[PDB]
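**Student:** FYI, in the authors' numbering the residues of the sequence shown are 33 to 305.
C-beta atoms are modelled at their ideal positions from N, C-alpha and C, and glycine is treated no differently.
Sharing a structure below in structure tokens format, with a few things to ask.
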Amino acid sequence: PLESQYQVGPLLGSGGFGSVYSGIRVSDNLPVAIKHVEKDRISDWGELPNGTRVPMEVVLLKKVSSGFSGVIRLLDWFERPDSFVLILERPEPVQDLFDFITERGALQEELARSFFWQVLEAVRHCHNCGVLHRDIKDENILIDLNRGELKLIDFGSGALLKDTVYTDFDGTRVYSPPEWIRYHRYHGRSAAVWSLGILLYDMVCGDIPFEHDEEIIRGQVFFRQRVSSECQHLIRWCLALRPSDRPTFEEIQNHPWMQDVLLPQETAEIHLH
Ligand SMILES: N[C@H]1CC[C@H](CN2c3ccccc3Oc3ccc(Cl)cc32)CC1
């Protein structure tokens with residue numbers, strides 16, 4: 033019944049994640065995103081609790097989509113003969129963090145603090161649910177412009193969280209940690225923290241800190257914008273070369289730069305209205 037339940041609108045984007053369209057749920061006019069993925073291009077499968085063969089992406093989304101959170105929720109899904117179709121929440125109006133930064137340049141620290149805090153809360157939620165995102169970056173973060181609320185997208189490179197080593201990685205290279213570059217090995221949480229350091233730098237500097245493998249491995253951070261000593265410190269800690277020298281999520285959120293975070297609505301009033 034997919035074609036009757038949803039009115040399809042314009043294409044929003046396409047890439048390694050498939051093709052995503054704007055949509056409306058006909059039942060109640062709820063704005064949705066409709067994501068199509070060809071079966072040929074799915075290397076990663078799992079099974080539901082009740083147990084049919086689905087993309088791992090659906091497993092992971094189902095695990096994180098219970099209750100409210102800073103993740104774009106899976107509302108429904110459908111199987112077609114050559115594709116899967118996912119129905120996702122769609123905030124309106126919305127802009128991804130990559131475009132937002134591209135247009136406004138480097139973010140004021142107050143705005144970066146609010147945004148970074150919300151990303152931490154969302155990643156914590158994922159980890160709590162037993163999901164590792166593995167591609168945390170500006171283009172996988174949506175901003176609900178009216179509410180000042182950030183939402184994580186794209187679990188297509190994600191995995192079940194585990195305490196043992198990962199030796200596969202399909203995320204974005206320039207957000208990938210030095211242990212991946214050097215050894216093709218990482219642990220979930222510490223690699224996530226590295227990607228968070230890259231993200232935070234991107235927010236306050238308006239560009240990523242490392243372009244080449246050699247710079248990632250060297251791990252020396254140069255600031256191109258005026259950034260507070262406390263923010264520089266947090267970034268440098270997240271980007272520690274040794275995984276065990278990086279902060280835990282608790283330590284990031286208890287860091288002095290992260291004090292007195294604005295609520296999402298206040299952030300929208302001050303910075304987005
Ligand atoms: N850098 C990208 C360019 C394409 C869109 C695609 N998109 C999406 C892509 C992949 C997985 C889930 C997605 O979930 C969405 C939910 C809601 C909207 Cl409005 C959009 C998506 C977002 C920004």
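For a quick check, are the C-beta atoms of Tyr218 and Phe242 less than 9 Å apart?
**Tutor:** No; because the gap between Cβ atoms is not below 9 Å, this pair is not in contact.
**Student:** Who are the near neighbours of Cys263 in its chain, counting only those whose CB is closer than 8 Å to its CB and skipping five residues on each side?
**Tutor:** The residues are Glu141, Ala144, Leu232, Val236, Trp289.
**Student:** Using DSSP with H/G/I as helix, E/B as strand and the rest coil, what is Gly229?
**Tutor:** In the structure shown, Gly229 sits in a helix (DSSP, three-state: H, G or I).
**Student:** Looking at C-beta atoms only, is the number of pairs between the segment 107–121 and the segment 55–72 that lie closer than 8 Å three or more?
**Tutor:** Enough Cβ pairs lie closer than 8 Å, so yes.
**Student:** What would DSSP say about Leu182, mapped onto helix, strand or coil?
**Tutor:** Three-state result, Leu182: strand.
**Student:** Mapping DSSP to helix, strand and coil, what is residue 26?
**Tutor:** The displayed coordinates of the chain run from 33 to 305. Any statement about residue 26 would go beyond what the structure contains.
**Student:** In this structure, does DSSP put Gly78 in helix, strand or coil?
**Tutor:** In the structure shown, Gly78 sits in a strand (DSSP, three-state: E or B).
**Student:** Kindly indicate the opening and closing residues of the alpha helix (DSSP H) around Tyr215.
**Tutor:** Run containing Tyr215: 210–215, per the alpha helix (DSSP H) assignment.
**Student:** Which runs of the alpha helix (DSSP H) at least 4 residues long sit entirely within the segment 81–110? Give them in chain order.
**Tutor:** Qualifying alpha helix (DSSP H) stretches, in chain order: 88–96.
**Student:** In terms of residue numbering, what span does the alpha helix (DSSP H) encompassing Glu246 cover?
**Tutor:** That run of the alpha helix (DSSP H) goes 245–250.
**Student:** Is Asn178 near ligand 1, going by C-beta to nearest heavy atom under 8 Å?
**Tutor:** Because no heavy atom of ligand 1 lies under 8 Å away, the Cβ of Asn178 does not count as near it: no.
**Student:** Of all the options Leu118, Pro275, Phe281, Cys158, which has the alpha carbon lying nearest to the alpha carbon of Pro87?
**Tutor:** For the residues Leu118, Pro275, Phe281, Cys158, the minimum Cα distance to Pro87 belongs to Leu118.
**Student:** Is the distance from the Cβ of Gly251 to the Cβ of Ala272 below 9 Å?
**Tutor:** Against a cut-off of 9 Å, the Cβ pair of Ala272 and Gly251 comes out as a contact.
**Student:** Given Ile104, which residues of its chain have a CB within under 7 Å of its CB, disregarding the five upstream and five downstream residues?
**Tutor:** Same-chain partners within the cutoff: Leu120, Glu121, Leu174, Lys183, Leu184, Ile185.
**Student:** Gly162: buried (16+ other C-beta within 10 angstroms of its C-beta) or exposed?
**Tutor:** Under this definition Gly162 is an exposed residue.
**Student:** On the DSSP letters alone, give me the boundaries of the alpha helix (DSSP H) that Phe147 sits inside.
**Tutor:** Residues 141–160.
**Student:** At the level of alpha carbons, what is the spacing between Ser51 and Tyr198?
**Tutor:** Straight-line Cα distance between these residues: approximately 28 Å.
**Student:** Which residues in the same chain have their Cβ closer than 7 Å to the Cβ of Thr204, if we skip the five residues on either side of it in sequence?
**Tutor:** Same-chain partners within the cutoff: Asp167, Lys169.
**Student:** Can you pull the DSSP bridge partners for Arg57?
**Tutor:** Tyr38, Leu62, per the DSSP bridge assignment.
**Student:** Starting from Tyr198, follow its DSSP beta bridges and name the residues at the other end.
**Tutor:** Answer is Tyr218, bridged to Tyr198.
**Student:** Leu228 and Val151 - do their beta-carbons sit closer together than 9 Å?
**Tutor:** It is a contact, given that the beta carbons lie within the stated cut-off.
**Student:** By how many angstroms is the C-alpha of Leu92 removed from the C-alpha of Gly41?
**Tutor:** Their backbone Cα atoms lie some 26 Å apart in a straight line.
**Student:** Examine ligand 1 and report whether any of its heavy atoms sits within less than 8 Å of the Cβ of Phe130.
**Tutor:** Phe130: yes, Cβ under 8 Å from ligand 1.
**Student:** Could you tell me the boundaries of the alpha helix (DSSP H) in which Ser261 lies?
**Tutor:** It spans 261–270 - the alpha helix (DSSP H) in which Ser261 sits, taken as one unbroken run.
**Student:** DSSP state of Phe242, grouped into three classes?
**Tutor:** Here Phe242 sits in coil by DSSP.
**Student:** Locate the beta strand (DSSP E) running through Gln127, then write down its first and last residues.
**Tutor:** Run containing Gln127: 126–128, per the beta strand (DSSP E) assignment.
**Student:** How would you write the range of the alpha helix (DSSP H) that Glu298 sits in, first residue to last?
**Tutor:** It spans 296–299 - the alpha helix (DSSP H) in which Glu298 sits, taken as one unbroken run.
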